[PDB]
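**Student:** One structure, pasted below without further comment.
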Amino acid sequence: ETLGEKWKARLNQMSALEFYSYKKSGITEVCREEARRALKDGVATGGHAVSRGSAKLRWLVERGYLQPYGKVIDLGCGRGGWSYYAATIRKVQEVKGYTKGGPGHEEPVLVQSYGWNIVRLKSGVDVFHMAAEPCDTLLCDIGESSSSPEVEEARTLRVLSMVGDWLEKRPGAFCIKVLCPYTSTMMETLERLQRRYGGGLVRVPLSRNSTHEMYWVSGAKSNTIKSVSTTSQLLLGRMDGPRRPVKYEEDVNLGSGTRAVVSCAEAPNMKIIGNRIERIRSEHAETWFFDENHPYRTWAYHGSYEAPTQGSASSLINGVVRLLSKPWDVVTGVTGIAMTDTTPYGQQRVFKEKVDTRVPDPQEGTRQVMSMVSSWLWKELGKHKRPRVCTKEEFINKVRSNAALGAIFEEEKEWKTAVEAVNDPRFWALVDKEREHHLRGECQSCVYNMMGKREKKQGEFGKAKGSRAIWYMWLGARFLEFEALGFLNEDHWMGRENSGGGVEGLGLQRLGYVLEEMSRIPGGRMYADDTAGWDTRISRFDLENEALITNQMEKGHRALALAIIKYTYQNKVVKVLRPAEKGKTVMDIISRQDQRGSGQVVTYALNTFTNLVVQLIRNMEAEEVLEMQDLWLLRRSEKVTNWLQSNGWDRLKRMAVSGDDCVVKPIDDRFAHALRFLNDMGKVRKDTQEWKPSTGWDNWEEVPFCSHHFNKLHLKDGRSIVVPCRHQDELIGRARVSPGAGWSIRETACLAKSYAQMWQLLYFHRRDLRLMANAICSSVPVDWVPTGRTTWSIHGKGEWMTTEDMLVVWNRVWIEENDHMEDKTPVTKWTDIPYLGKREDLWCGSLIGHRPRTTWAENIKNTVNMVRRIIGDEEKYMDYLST
Ligand SMILES: Nc1ncnc2c1ncn2[C@@H]1O[C@H](CSCC[C@H](N)C(=O)O)[C@@H](O)[C@H]1O
Ligand SMILES: [Zn+2]
Ligand SMILES: [Zn+2]
C-alpha cells in the first residue's frame, strides 16, 4: 500500500543477480581490508574498527545528528564497534555494553582502541528482561532483517516497547535502530513516539539499500513521513536504470592506549615511600615519564617507564588426558576451559574493574565493634600463645628452590633461584641493612611486583579469561615479614587447636569430619556465603585492628613488626605492567594504603582472622546484640564484651574459616538476614542482591567449602568415611590443560600421572575419575616422576607426587592417620573401596550409562595401548584395573 511496502515487494520479487546488482548500488562503503586483517590475527593494538557500525556512529555524530556524552549504554553491543567509537569520544566517561552472543551470534571482541579502559561488555543478555538504568547516551543497534515485513514490523515494535522503558528515564542523547519505518502501524508508532520523546529520523548512506533501516537520533529533528518517503523514493529509483557506482571512504582509525580518567585517589604519605620511589626514578630515569592516560581511579599514579612484556595467554592441550577422554569433547564446561591471560592487557582488563575500587569507610560504631571484637580475639588467641621472632634458620628450613625472585633493583639481580641466594652472606648483609633501616624507620627496598596469575579457568566469549592479579615482594622483604609475623603460620595460631574456628593446615580429607561434627550441632540452618574479592575489601580499619597483636610483644619484636606493618601493609607501592599505545609496553608505579596482597607471608592468617572478626560481628547482629543505630555510634559499649566472654568460643567453634571462604552454623535462621554491619564494613556478598536473605542449607553433605562439597560413605564392610567432591567437568578440564609452553611429552605425561594419582587419592568415589586415573596411570610409564601443580589450594599438600603405590598411600591417609576412624584395619584391595551413589555421581558431572562413555570404556585397552605406542614402546608400563 505504501512506498516502502511496494519497494519491499519489488525487492522480494527480484532474482539472485538483480539482488546482487541492487544491494551495493549507489551507497558508500569503507576500506575494511586493513581492519579485517587485524581481526584475522587478533591485533588489538592496531586500533581498527571491529565493525562497519563504527563508521555509522562516526557519521551520525560527526554530522551532528547526535550529541554524545557521559555514561553510555550500548544495547545489543555484538562485537562492540559502537561502544568502541563511544570510548573514543571526548565527553564520554563510562561505556556499558550488553549483548546475547552464545550459539551462532556475535560474542564481544576485545581490542586496544583508545579509551578501552572504560569499556565493560557482557554476553548472555536478552535485554527485554533487563531492568532500566539511567544512562546519558542510549545506543540500540538491535534489528533483525527478514523477507516479509510482517515480522520486521513486530520486531521493531517489540524493540521499541522495550527501549521506551529506558528512554523515559531521560537520557541526553540517543540512537536507536529502526528496521521497518515504512508501514501504516510503523508510521503511526513513529509519529506518536517522536511527539512523546523528541528526536529525528536519519537514513545513513553507508547502510545497504537492502533494508529500510533508519536511525532515531537526538541532535537532529525531522518529520517521519517526509524522511521515510525520501528513503523509499530513492531506493525505488536506484533499482531501475543505471546500476550506479559505489563511493569509497576510509575507515575511522580509533587509535590505541588508555584514557585519562577520574583520579579520586587519596594523596600519598610521601615520606614513607619516597625512598623507594626516588630509588626507582634514579634507576630508570632514562625513559622516566608520566603518562597522562592512567586508567587508575583509586590508585595514585606515580609514573611509568618502558619495560618488557611478560606472560602469554596461549594454552596447550595435554593429549594423554584428552585422547583418553574423547567423549568429553562435547561438554562446554570441559572444552571451553583454558588458560588465563597474564599479559599486561589481560591483567589490566581485570585490574580496572576488580582492583580499581575504593571501599566505603565503615561508620565509627561499626569501627568500634570491629576493634572490640579484634582486641577480644587477639586476647583470646594470645592467651595460650605469645609472639616470637622467627629465625633465618627456620626461613631456610621452610624454603625451597621454586619460589619467585622479585628482582627489582640492581643489587638484587645476582641470583637466579632461591636456594642459590639463601646461602650467600651478601644476601643477609642487605637483609640486615634493610632491617636496621626498618629499626630507624626508613624503607628502601620493600617494593611490590605484580602480574596476573596463571590459572586453568573457564573460557569467556570462547576465549581466555582475564587473570586475577597476584603481587609479591622481594625475598628479603618476605624474610623481614617472616621474622616479624610469620610466627602466625609457624606456630599454628590459625590451627583449630588454638583458635577453634580456623583449620590452618588441615587437608581436604579431614575437613569433611569438621563438617559432620558441626552439623551434629543444633541451631538454625547452615549459612556459607563467599565474600566477593576478599583482598580488595580490606579497609584501613581492618588493618589497624590486625596491628593490635603487637600489644603482647616485647620491645624489639614490636619495633620490627610495627615498622614492617606501617611501612609495608598500611603503605603499599606497586610495580605493574600496562600495554601502552602502538605496541609498546610500559611499567607503571602506583601506590595506595588499603587492601592486602595474596603474596604476603601471613595472607592466610590475616584473611582468617579478620573473617572471624566479621563472623563474630554477624552473629552478634543475627542474635540481636548489635542494634541498628550502633552502626553509627556505640550505645552501651560494655554489652559487646558481655556477650563475647559469654558466648564467644561457644559460637566460635561453630565456624570453619579458611582465608577467603567460611562456613557458619548460627543459633537460628535470623543469621540469613543480619546483613547491615556486614554491608557497612565493606564485606558484601558476591553476585547476590545486597539485601536479599541468605540461602541456607540443611543437609551437611551439600555444603560447599573451598570448591568442594563432602559426602559420607559407608565402606563395603562397615566403616564410615567422609570424602571431598566437586563437579567432574572442572577437574577433567583442569587436567586437560597444560600450564607450560614448550614442555616435552615426558613432563606432560608427568603432569598426566600427577593428575591421575591425585584423582585416585581424592576423587576415587567418582566412577569416571577412578576409571580414567587407572587408564592414565596404565598408559603412562610408572617410571617417570610426577611433576607440576594441579589445584592451587593450600589444603592440597601434595601427597600424590611420588611413584609409590596409591593403595598404600590410601591406607595411610584414610585409616592409619584417620583421627576420626578408630579401626586401623587396612583393606587390601582396590575394588573394596565404594564409589559415590549412582544418583549423586550422575549429579556431580558423571556420564555413566550413556552410549559414548560406553563406547570409550569398551575400547579402553585399545586406546591405552595406543598411548603407550605413541610415547615409545619398550617403556615400563603396567596394566592397573581388570575386572
Ligand atoms: N536482544 C538482544 N540483546 C542483546 N544482544 C542482541 C540481542 N539481539 C541481538 N543481539 C546481538 O547484537 C548484535 C546487533 S548488531 C550490533 C551492532 C553494534 N552496535 C556495533 O557496534 O556494530 C547482533 O549481532 C546480535 O548477535
Ligand atoms: Zn623496607
Ligand atoms: Zn559431589
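Residues in the C-alpha cells are numbered from 1 in each chain, the chains being A, B, ... in the order shown, and ligands are numbered from 1 in the order shown.
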What residues of the protein or nucleic acid chains come within 7 Å of ligand 1 when you use only C-alpha atoms and all ligand atoms? Reply as number ranges by chain.

**Tutor:** A: 51-54, 74-83, 98-101, 105-106, 125-128, 140-143

**Student:** Take the residues just selected and output them with N, CA, C and O atoms as a short mmCIF file (atom, residue, chain, number, x, y, z; two decimals), in the first residue's frame.

**Tutor:**
data_model
loop_
_atom_site.label_atom_id
_atom_site.label_comp_id
_atom_site.auth_asym_id
_atom_site.auth_seq_id
_atom_site.Cartn_x
_atom_site.Cartn_y
_atom_site.Cartn_z
N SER A 51 33.95 -3.27 13.48
CA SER A 51 32.75 -3.42 12.66
C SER A 51 32.57 -2.19 11.76
O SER A 51 33.39 -1.27 11.75
N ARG A 52 31.51 -2.25 10.95
CA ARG A 52 31.15 -1.17 9.99
C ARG A 52 30.28 -0.14 10.72
O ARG A 52 30.10 0.97 10.18
N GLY A 53 29.77 -0.51 11.90
CA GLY A 53 28.95 0.40 12.72
C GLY A 53 29.77 1.58 13.19
O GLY A 53 29.22 2.70 13.28
N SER A 54 31.05 1.34 13.50
CA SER A 54 31.98 2.41 13.94
C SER A 54 31.90 3.58 12.96
O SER A 54 32.05 4.74 13.40
N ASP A 74 25.23 0.73 25.35
CA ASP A 74 25.07 0.11 24.04
C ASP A 74 24.16 -1.08 24.24
O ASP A 74 24.46 -1.98 25.04
N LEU A 75 23.00 -1.03 23.61
CA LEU A 75 22.08 -2.15 23.64
C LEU A 75 22.34 -3.02 22.42
O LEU A 75 22.38 -2.52 21.29
N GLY A 76 22.56 -4.32 22.66
CA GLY A 76 22.96 -5.24 21.61
C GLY A 76 24.34 -4.94 21.07
O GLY A 76 24.50 -4.76 19.86
N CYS A 77 25.36 -4.91 21.94
CA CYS A 77 26.67 -4.44 21.51
C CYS A 77 27.34 -5.35 20.49
O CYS A 77 28.25 -4.88 19.80
N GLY A 78 26.94 -6.62 20.40
CA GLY A 78 27.52 -7.52 19.40
C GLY A 78 29.04 -7.60 19.51
O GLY A 78 29.61 -8.01 20.54
N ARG A 79 29.77 -7.22 18.45
CA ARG A 79 31.20 -7.07 18.64
C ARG A 79 31.47 -5.93 19.60
O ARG A 79 32.02 -6.14 20.68
N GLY A 80 30.91 -4.75 19.30
CA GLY A 80 31.14 -3.57 20.12
C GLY A 80 31.72 -2.35 19.43
O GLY A 80 32.28 -1.49 20.10
N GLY A 81 31.64 -2.28 18.09
CA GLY A 81 32.18 -1.11 17.39
C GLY A 81 31.53 0.20 17.82
O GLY A 81 32.19 1.25 17.86
N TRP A 82 30.23 0.17 18.10
CA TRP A 82 29.54 1.35 18.64
C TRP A 82 30.14 1.74 19.98
O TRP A 82 30.48 2.90 20.22
N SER A 83 30.30 0.76 20.88
CA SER A 83 30.86 1.02 22.20
C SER A 83 32.30 1.50 22.09
O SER A 83 32.73 2.34 22.88
N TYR A 98 25.78 -4.27 26.35
CA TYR A 98 25.13 -5.54 26.64
C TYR A 98 24.75 -6.26 25.35
O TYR A 98 24.21 -5.64 24.43
N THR A 99 24.98 -7.58 25.34
CA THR A 99 24.71 -8.44 24.19
C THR A 99 24.32 -9.83 24.65
O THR A 99 24.44 -10.19 25.82
N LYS A 100 23.91 -10.64 23.67
CA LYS A 100 23.49 -12.02 23.89
C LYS A 100 24.60 -13.01 23.56
O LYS A 100 25.02 -13.79 24.42
N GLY A 101 25.06 -13.03 22.31
CA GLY A 101 26.15 -13.93 21.98
C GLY A 101 25.68 -15.36 22.04
O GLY A 101 24.55 -15.69 21.65
N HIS A 105 25.47 -16.40 17.41
CA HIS A 105 25.55 -14.95 17.39
C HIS A 105 26.86 -14.44 17.98
O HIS A 105 27.69 -15.19 18.48
N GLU A 106 27.02 -13.11 17.91
CA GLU A 106 28.33 -12.47 17.98
C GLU A 106 28.77 -12.26 19.43
O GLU A 106 28.14 -11.52 20.18
N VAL A 125 22.68 -11.60 27.48
CA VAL A 125 21.78 -10.56 27.98
C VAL A 125 20.64 -10.39 26.97
O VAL A 125 20.80 -9.68 25.97
N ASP A 126 19.50 -11.05 27.22
CA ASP A 126 18.27 -10.78 26.48
C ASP A 126 17.68 -9.49 27.05
O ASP A 126 16.96 -9.50 28.05
N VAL A 127 18.01 -8.36 26.42
CA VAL A 127 17.80 -7.06 27.07
C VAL A 127 16.33 -6.78 27.37
O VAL A 127 16.03 -5.94 28.24
N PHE A 128 15.40 -7.50 26.75
CA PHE A 128 14.00 -7.27 27.07
C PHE A 128 13.72 -7.51 28.55
O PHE A 128 12.88 -6.82 29.15
N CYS A 140 21.11 1.62 20.64
CA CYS A 140 20.37 0.40 20.34
C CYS A 140 20.58 0.15 18.85
O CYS A 140 19.98 0.82 18.03
N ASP A 141 21.45 -0.80 18.51
CA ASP A 141 21.65 -1.22 17.13
C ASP A 141 21.00 -2.59 16.95
O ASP A 141 21.55 -3.48 16.31
N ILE A 142 19.85 -2.77 17.60
CA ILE A 142 19.15 -4.05 17.69
C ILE A 142 18.08 -4.06 16.60
O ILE A 142 17.02 -3.45 16.77
N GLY A 143 18.36 -4.75 15.49
CA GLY A 143 17.36 -5.01 14.48
C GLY A 143 17.59 -6.38 13.89
O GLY A 143 18.68 -6.95 14.00
#

**Student:** Please list as a PyMOL selection string every residue within 7 Å of residue 248 (chain A), counting only C-alpha atoms and excluding residues in the same chain fewer than 5 positions away.

**Tutor:** chain A and resi 28-31

**Student:** List all protein, DNA and RNA residues that have any atom at most 10 Å from ligand 3, counting only C-alpha atoms and all ligand atoms, and write the list as a PyMOL selection string.

**Tutor:** chain A and resi 701-704+708-711+723-728+763+765-766+836-837+840-845

**Student:** Based on the selection just made, write C-alpha atoms of those residues as a PDB file, in the first residue's frame.

**Tutor:**
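Here's the written file result_1.pdb:
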ATOM      1  CA  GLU A 701      26.662 -33.266  52.755  1.00  0.00           C
ATOM      2  CA  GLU A 702      25.509 -30.495  50.375  1.00  0.00           C
ATOM      3  CA  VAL A 703      27.592 -27.629  51.849  1.00  0.00           C
ATOM      4  CA  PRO A 704      30.388 -26.175  49.659  1.00  0.00           C
ATOM      5  CA  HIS A 708      34.270 -28.892  47.381  1.00  0.00           C
ATOM      6  CA  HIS A 709      31.215 -30.460  48.996  1.00  0.00           C
ATOM      7  CA  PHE A 710      31.680 -33.552  51.161  1.00  0.00           C
ATOM      8  CA  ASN A 711      29.855 -36.884  51.292  1.00  0.00           C
ATOM      9  CA  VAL A 723      35.198 -37.655  51.222  1.00  0.00           C
ATOM     10  CA  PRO A 724      35.512 -34.417  49.194  1.00  0.00           C
ATOM     11  CA  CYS A 725      33.896 -33.878  45.826  1.00  0.00           C
ATOM     12  CA  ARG A 726      33.304 -31.222  43.170  1.00  0.00           C
ATOM     13  CA  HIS A 727      31.952 -31.202  39.638  1.00  0.00           C
ATOM     14  CA  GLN A 728      33.723 -33.735  37.417  1.00  0.00           C
ATOM     15  CA  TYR A 763      38.063 -38.349  43.801  1.00  0.00           C
ATOM     16  CA  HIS A 765      34.458 -42.161  44.568  1.00  0.00           C
ATOM     17  CA  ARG A 766      33.773 -40.785  41.062  1.00  0.00           C
ATOM     18  CA  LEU A 836      29.586 -42.454  45.381  1.00  0.00           C
ATOM     19  CA  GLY A 837      25.866 -43.164  44.990  1.00  0.00           C
ATOM     20  CA  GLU A 840      24.930 -38.477  43.317  1.00  0.00           C
ATOM     21  CA  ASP A 841      27.775 -39.350  40.917  1.00  0.00           C
ATOM     22  CA  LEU A 842      25.491 -38.606  37.960  1.00  0.00           C
ATOM     23  CA  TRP A 843      24.588 -35.319  39.644  1.00  0.00           C
ATOM     24  CA  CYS A 844      28.236 -34.312  40.196  1.00  0.00           C
ATOM     25  CA  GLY A 845      29.007 -34.430  36.451  1.00  0.00           C
TER      26      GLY A 845
END

**Student:** Taking only C-alpha atoms into account, name the residue in A:318, A:218, A:231, A:2 that is nearest to residue 171 (chain A).

**Tutor:**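 Among the listed residues, A:218 lies closest to residue 171 (chain A).
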
**Student:** Which neighbours of region 278-288 of chain A fall inside 7 Å, counting only C-alpha atoms, when residues of the same chain fewer than 5 positions from it are skipped, and could you give them as a PDB file with N, CA and C atoms, in the first residue's frame?

**Tutor:**
ATOM      1  N   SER A 304      55.608   6.118  34.977  1.00  0.00           N
ATOM      2  CA  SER A 304      55.780   4.931  34.164  1.00  0.00           C
ATOM      3  C   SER A 304      57.119   5.018  33.457  1.00  0.00           C
ATOM      4  N   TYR A 305      57.522   3.893  32.885  1.00  0.00           N
ATOM      5  CA  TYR A 305      58.708   3.851  32.044  1.00  0.00           C
ATOM      6  C   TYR A 305      58.643   2.578  31.220  1.00  0.00           C
ATOM      7  N   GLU A 306      59.445   2.528  30.168  1.00  0.00           N
ATOM      8  CA  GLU A 306      59.376   1.405  29.245  1.00  0.00           C
ATOM      9  C   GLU A 306      59.938   0.137  29.891  1.00  0.00           C
TER      10      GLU A 306
END

**Student:** Just the residues within 8 Å of residue 530 (chain A), please, counting only C-alpha atoms, with nothing from its chain fewer than 5 positions along; format it as an mmCIF file with N, CA, C and O atoms, in the first residue's frame.

**Tutor:**
data_model
loop_
_atom_site.group_PDB
_atom_site.id
_atom_site.type_symbol
_atom_site.label_atom_id
_atom_site.label_comp_id
_atom_site.auth_asym_id
_atom_site.auth_seq_id
_atom_site.Cartn_x
_atom_site.Cartn_y
_atom_site.Cartn_z
ATOM 1 N N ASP A 660 39.809 -17.038 52.471
ATOM 2 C CA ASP A 660 38.696 -16.428 51.757
ATOM 3 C C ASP A 660 37.355 -17.026 52.156
ATOM 4 O O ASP A 660 36.377 -16.292 52.325
ATOM 5 N N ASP A 661 37.283 -18.342 52.317
ATOM 6 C CA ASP A 661 35.979 -18.976 52.448
ATOM 7 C C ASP A 661 35.614 -19.195 53.916
ATOM 8 O O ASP A 661 36.467 -19.163 54.805
ATOM 9 N N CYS A 662 34.321 -19.406 54.164
ATOM 10 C CA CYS A 662 33.826 -19.531 55.531
ATOM 11 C C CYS A 662 32.546 -20.354 55.564
ATOM 12 O O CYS A 662 31.799 -20.407 54.585
ATOM 13 N N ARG A 685 28.290 -9.578 49.798
ATOM 14 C CA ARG A 685 28.145 -10.934 49.283
ATOM 15 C C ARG A 685 28.262 -10.949 47.761
ATOM 16 O O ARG A 685 27.725 -10.071 47.080
ATOM 17 N N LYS A 686 28.998 -11.940 47.230
ATOM 18 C CA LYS A 686 29.359 -11.981 45.807
ATOM 19 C C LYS A 686 28.162 -12.379 44.928
ATOM 20 O O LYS A 686 27.609 -13.475 45.079
#

**Student:** Given only C-alpha atoms as the basis, pick out the residue of A:500, A:336, A:115, A:365 nearest to residue 617 (chain A).

**Tutor:**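 Of all the options, A:365 lies closest to residue 617 (chain A).
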
**Student:** Hey, which residues sit close to ligand 2? Say within 6 Å, counting only C-alpha atoms and all ligand atoms, and write them as a PyMOL selection string.

**Tutor:** chain A and resi 434+438+443-446

**Student:** Please, which residues of region 286-345 of chain A, numbered as in this document, come out strand (DSSP E or B) from DSSP, as a ChimeraX atom specification?

**Tutor:** /A:289,300-306,316-317,337-339,341

**Student:** Could you dump the residues just selected with C-alpha atoms as a PDB file, in the first residue's frame?

**Tutor:**
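Result file part09.pdb:
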ATOM      1  CA  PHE A 289      57.872   9.913  32.097  1.00  0.00           C
ATOM      2  CA  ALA A 300      47.880   7.252  42.887  1.00  0.00           C
ATOM      3  CA  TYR A 301      49.573   7.422  39.505  1.00  0.00           C
ATOM      4  CA  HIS A 302      53.296   7.917  40.204  1.00  0.00           C
ATOM      5  CA  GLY A 303      54.681   7.480  36.700  1.00  0.00           C
ATOM      6  CA  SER A 304      55.780   4.931  34.164  1.00  0.00           C
ATOM      7  CA  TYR A 305      58.708   3.851  32.044  1.00  0.00           C
ATOM      8  CA  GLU A 306      59.376   1.405  29.245  1.00  0.00           C
ATOM      9  CA  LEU A 316      48.340 -26.203  25.261  1.00  0.00           C
ATOM     10  CA  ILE A 317      46.345 -29.414  25.400  1.00  0.00           C
ATOM     11  CA  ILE A 337      38.208 -24.209  29.861  1.00  0.00           C
ATOM     12  CA  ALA A 338      41.658 -22.905  29.042  1.00  0.00           C
ATOM     13  CA  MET A 339      44.441 -20.682  30.354  1.00  0.00           C
ATOM     14  CA  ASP A 341      45.612 -14.086  30.080  1.00  0.00           C
TER      15      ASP A 341
END

**Student:** For region 471-476 of chain A, please output as a count of residues only all residues within 7 Å (counting only C-alpha atoms; exclusion window: fewer than 2 positions along the same chain).

**Tutor:** 18

**Student:** Could you give me the residues within region 370-600 of chain A that DSSP places in alpha helix (DSSP H), as an NGL selection string?

**Tutor:** :A and (370-381 or 392-398 or 418-422 or 425-440 or 475-485 or 487-490 or 511-519 or 540-546 or 555-564)

**Student:** For residue 118 (chain A), which residue among A:297, A:237, A:137, A:206 is the nearest when counting only C-alpha atoms?

**Tutor:**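 Between A:297, A:237, A:137, A:206, the residue approaching residue 118 (chain A) most closely is A:297.
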
**Student:** Can you pull out every residue within 12 Å of residue 424 (chain A), counting only C-alpha atoms, but drop anything in the same chain fewer than 6 positions away, and send it as JSON, numbers by chain?

**Tutor:** {"A": [396, 414, 415, 417, 418, 430, 431]}

**Student:** With C-alpha atoms retained, could you export that selection as an mmCIF file, in the first residue's frame?

**Tutor:**
data_model
loop_
_atom_site.group_PDB
_atom_site.id
_atom_site.type_symbol
_atom_site.label_atom_id
_atom_site.label_comp_id
_atom_site.auth_asym_id
_atom_site.auth_seq_id
_atom_site.Cartn_x
_atom_site.Cartn_y
_atom_site.Cartn_z
ATOM 1 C CA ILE A 396 65.859 -21.548 55.075
ATOM 2 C CA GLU A 414 72.655 -11.567 41.009
ATOM 3 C CA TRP A 415 70.975 -14.914 41.748
ATOM 4 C CA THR A 417 66.998 -19.385 42.173
ATOM 5 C CA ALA A 418 66.085 -19.205 45.857
ATOM 6 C CA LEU A 430 71.490 -6.461 52.603
ATOM 7 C CA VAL A 431 68.771 -8.013 54.788
#
